[PDB]
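Inside the fold
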Amino acid sequence: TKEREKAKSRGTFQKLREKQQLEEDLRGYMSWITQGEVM
Amino acid sequence: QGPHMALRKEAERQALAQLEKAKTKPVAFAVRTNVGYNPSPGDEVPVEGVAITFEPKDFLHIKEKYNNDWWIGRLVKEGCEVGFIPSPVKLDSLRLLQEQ
Amino acid sequence: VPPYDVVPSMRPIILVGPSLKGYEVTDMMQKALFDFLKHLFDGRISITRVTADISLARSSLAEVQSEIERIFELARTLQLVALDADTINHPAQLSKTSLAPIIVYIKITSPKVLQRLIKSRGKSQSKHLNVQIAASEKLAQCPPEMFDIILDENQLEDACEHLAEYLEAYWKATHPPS
């Protein structure tokens, strides 16, 4: 637990937050084109 | 008195039947408001109590025209009924009455 | 200064400017957003395609006013109006006419992902990198309260939950019960 605080305090929190939210925004931006590829 | 209540009380019930028979009429034209206005007791309202108020940048679906000083229409809001919309010449008459 | 302005009885729904229109990006990301507008209010909506610039009251005054009065006809039967515009890219662009449309804003929550949509549409859109997000950052220089509907939900069922429930709450406000 003392090491997850020292991985909070280097930089590592955003890596599983940004790339998480860069993925769910990637999957959501695909539907805004591909639901108009059909109709 | 007794001679003044024979025509004043007969005009409130005549204007209430016109207001009740205009809710089923379709919307003729809508207006976009720019200023704020609230109903008061000395605004020469035909049916005292069935008047509506509007703030700036509000929408009014006017049903019909009652007279040259009051319109009939409703407010764009969930649950609101028809009401008395002041005409633009009534809004010009209410402003010059505050100076005189 | 006139206190009252002649507006239509039903406001037209305008899916305007997440990124700048006139590309494969914004048009076909708005073209998808008339697919859910196609059958959801079917029978109580009027879907049309806007060609002329209605922000002039280019095209003359006769060709634009004939399309403005066409919107005036669609508000007579008390039904919803949808506009597929390809030139509208600001709220203040449609603030001088007598229509007052619903500024539905498709919101782009992160500008860093927007340049990766440019790289995903091939090399055709890659020559329009910084100019698109420029006034789509002036669509961030707009205050968000200047719009009417803002869509920042990424998924389809989450972005259409705001698209359907806000117009249903607007439908009950314009039509009172018997």
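Residues numbered from 1 in each chain as written, not as in the entry; some residues may be left out. Chains lettered and ligands numbered in written order. Part of a larger assembly, values for the part shown. Heavy atoms only, no water. Residues with missing side-chain atoms left out of burial classes, pairs and counts.

Looking at the PDB record, one finds the entry titled "Rabbit Cav1.1-Diltiazem Complex".

For the rest of this paragraph, the subject is the overall build of chain A. Along chain A, the regular secondary structure elements total two helices and zero strands. Judged by the C-alpha coordinates and their principal axes, chain A covers about 55 × 15 × 5 Å. As displayed, chain A offers around 3300 Å² of accessible surface, 52% of which is attributable to carbon and sulfur atoms. Of the charged side chains in chain A, 9 are positive and 7 negative, and the gap between their average positions amounts to 12 Å. (Helix = DSSP H or I, 4+ residues; strand = E, 2+ residues; numbered from the N terminus. Areas by Shrake-Rupley, 256 points an atom, 1.4 Å probe, with all protein chains shown as cover. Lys, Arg positive; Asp, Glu negative; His and termini not counted. Charge placed at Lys NZ, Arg CZ, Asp CG, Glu CD.)

What follows covers the interface of chain B and chain C. Interfaces are frequently sized by the accessible area removed from exposure as the parts join. Counting residues at the interface gives 23 residues for chain B and 19 residues for chain C. Elements that contribute at least two residues to the side of chain B that touches chain C include exactly β1 (29-32), β2 (59-65), β3 (70-75), β4 (82-86) and α2 (88-99) of chain B. The element best represented in the side of chain B that touches chain C is β1(B), accounting for four residues. Of the residues in the side of chain B that touches chain C, the class split is 16 nonpolar, three polar and four charged. (Contact = heavy atoms within 4.5 Å. Nonpolar A, V, L, I, M, F, W, Y, C, P; charged D, E, K, R; others polar.)

Once contacts are tallied for each of the two pairs of chains in contact, the highest total is for chains B and C. Looking at chain A next to chain B, you find no contact at all, with the nearest C-alpha pair sitting 32 Å apart.

So, about the sheet that holds β4(B). The sheet built from five strands is open, its strands ordered β4(B)-β3(B)-β2(B)-β1(B)-β1(C) with antiparallel pairing. Here the strands that pair on one side only, and so sit at the sheet edges, are β4 of chain B together with β1 (5-7) of chain C. Strand-to-strand twist of the sheet, defined as the mean angle between neighbouring strand axes without regard to direction, takes the value 45°. By the bridge criterion, five bridges tie β2(B) to β3(B) in an arrangement that is antiparallel. Bridge pairing links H61(B) to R74(B) in β3(B). Running over the sheet, helix α1 (residues 5-20) of chain B touches β2, β3 and β4 of chain B and is turned about 110° from β4(B). (Pairing = 2+ DSSP bridges. Axes fitted to C-alpha atoms, helices over the stretch in contact; angles between N-to-C directions.)

This part is about the interface of chain A and chain C. If you look at the interface, chain A gives 15 residues, while chain C gives 18 residues. Residue classes in the side of chain A that touches chain C are distributed as six nonpolar, four polar and five charged.

What follows covers the pairing of β3(B). Every other side chain in a regular strand lies on the same face of the sheet, so the side chains alternate between the two faces. The turn linking β2(B) back onto β3(B) is made up of four residues. Adjacent in sequence and paired antiparallel, β3(B) and β4(B) are bridged by six residues, among which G79(B) carries a positive phi angle near 100°.

Residue and element names in this part refer to chain C. One ladder, built from three bridges, connects strand β2 (residues 12-16) with strand β4 (residues 80-84); its direction is parallel. For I13, the partnering residue across the bridge sits in β4 and is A82. Examined bridge by bridge, strand β3 (residues 45-49) and β4 share five bridges and lie parallel to one another. Pairing of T48 across the sheet is with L83, part of β4.

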